[PDB]
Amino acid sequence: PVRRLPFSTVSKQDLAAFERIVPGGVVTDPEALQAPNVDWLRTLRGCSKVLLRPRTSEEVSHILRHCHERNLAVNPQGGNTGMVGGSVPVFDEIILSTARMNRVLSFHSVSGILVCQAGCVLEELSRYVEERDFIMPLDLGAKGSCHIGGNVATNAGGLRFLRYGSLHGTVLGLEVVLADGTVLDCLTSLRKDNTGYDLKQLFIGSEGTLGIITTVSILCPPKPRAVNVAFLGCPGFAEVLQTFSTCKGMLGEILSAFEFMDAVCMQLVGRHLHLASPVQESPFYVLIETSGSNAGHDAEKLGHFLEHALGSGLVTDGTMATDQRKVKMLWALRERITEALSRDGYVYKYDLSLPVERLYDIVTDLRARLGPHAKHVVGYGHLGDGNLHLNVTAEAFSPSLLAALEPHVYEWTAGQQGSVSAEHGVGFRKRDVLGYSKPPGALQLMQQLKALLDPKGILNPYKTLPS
């Protein structure tokens, strides 16, 4: 059981200070604070008594200045779609929301450089840049709710990572407010700049424990002229792996996504979201996207790829689409898996990097190990990046099932020299299992970084680093 650290509490005088700093941006009604206190999975509830919703970087600076002087803990929050308990308070930390920091500052129609506030919603930024023939360098199933500042803070991966890479590469600059309210200006909207240390990198993946991101400068790829999606049934995981290998060999540079899911995933999306499968029933499914400049060439590459995959028995049934409507329908089958799982019951969630050759082994194992105690066990995700999403559903949480899952799943991953948190990050849930993926000396340097940047520890206590 975690113990509340000796922070102060919010007084009426603090509430009047916040009303001065952000007029109309202070929410205190207990019924209104219910939702922002509960995480996306609905298995964690905080006891925060104040939600602050600033509009500007200066307002965030003044809020944190006040909290630093008063020794008040702060819980940054974006879209609240995070999966690891980082997004809601543990006790009574002030919820500092970016919901109203949702303005675009500038967009350069030649460089493709976007500069916008941290609370812009990913899907809305995609619509904005696509109107100008660019795309966001990342996409994820949470796009409708997650904030760009949240994506940077968690170092979100997602569905086009294989093509455009990490936020560590695509973020050009950040504005960050530090714990004492210092505005750190690293908002360098330049493709290249080697003038000292890359300070912004510290805040990518730091999950709001080192500062609050208020403005983001991000490189947007050009919008592809041609997008294709193929959705394929494979008769086993070995054929999934050869379909991936063959796919890289025959599609090459136009590959923009490679996702897999198992039969149980398909059944749950069908059962809870009523989405019919467009291919024959198979034990594994694969979604492939391509993105390129020449429709004709991409079609020829894809045509030959399918022919060879179908010819050599890697794929048993497959369908292809270019019409935007049909493309979105195929993508829904993968994107909405996470929703279908949470409608199925209580979800035990694991987000692992493993050797691609052994990515599905743990799923087969756990189906045997838990038996009928698990309502379902699934494996899916970013196979091209070595990333498995392992989930177990049950009618209700149980201590018996948790004891079967942990530490067994984490030991498997360490045995494979894998990551116990591939993309979702650490937050509250995984803060004490980092030893399975990171050595002690690295963990200590992280602690020193935290002490340097937030010596009072008012920013997101109880998370990201070990206790």
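We call the rigid core the largest set of C-alpha positions that still match within 1.5 Å between the two forms. The first residue of the sequence shown is number 1, and the count goes up from there.
Asks: Quick one: core-superposed, which stretch strays further from the shown model in 5 other deposited structures of this protein, 360 to 368 or 281 to 289? Go by RMS C-alpha distance.
Replies: Checking 281 to 289 against 360 to 368 in 5 other deposited structures of this protein, I find the farther stretch is 360 to 368.
Asks: Between 125 to 133 and 370 to 378, where do the CA atoms move more in 5 other deposited structures of this protein, taking the root mean square over the structures and residues after a core fit?
Replies: Between 125 to 133 and 370 to 378, the one lying farther away in 5 other deposited structures of this protein is 370 to 378.
Asks: Using the B-factors recorded in the PDB entry, average over the C-alpha atoms of 335 to 343 and of 95 to 103, then report which stretch comes out higher.
Replies: Taking the mean B-factor of the alpha carbons in each, 335 to 343 is higher.
Asks: Taking only the CA atoms, which stretch has the higher mean B-factor in the record, 183 to 191 or 271 to 279?
Replies: It is 271 to 279 that shows the higher mean C-alpha B-factor.
Asks: Per the coordinate record, which of the options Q417, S61, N37, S421 holds the highest CA temperature factor?
Replies: In this record, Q417 carries the highest C-alpha B-factor of the candidates.
Asks: Going by the CA temperature factor in the entry, name the top one among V27, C47, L434, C67.
Replies: By C-alpha B-factor in the record, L434 ranks first.
Asks: Lowest, middle or highest third of the chain for the C-alpha temperature factor of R55?
Replies: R55: CA B-factor falls in the middle third of its chain.
Asks: Check where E307 lands among this chain's C-alpha B-factors and tell me if it's the lowest, middle or highest third.
Replies: Highest third.
Asks: What third of the chain does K349 rank in for C-alpha temperature factor, lowest, middle or highest?
Replies: As the PDB entry reports it, the C-alpha B-factor of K349 lands in the middle third of its chain.
Asks: In terms of the CA temperature factor given in the entry, to which third of its chain does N460 belong: lowest, middle or highest?
Replies: Tercile = lowest for this residue's CA B-factor.
Asks: According to the PDB entry, is the CA B factor of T214 in the bottom, middle or top third of its chain, that is, lowest, middle or highest?
Replies: Ranked within chain, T214 CA B lands in the lowest tercile.
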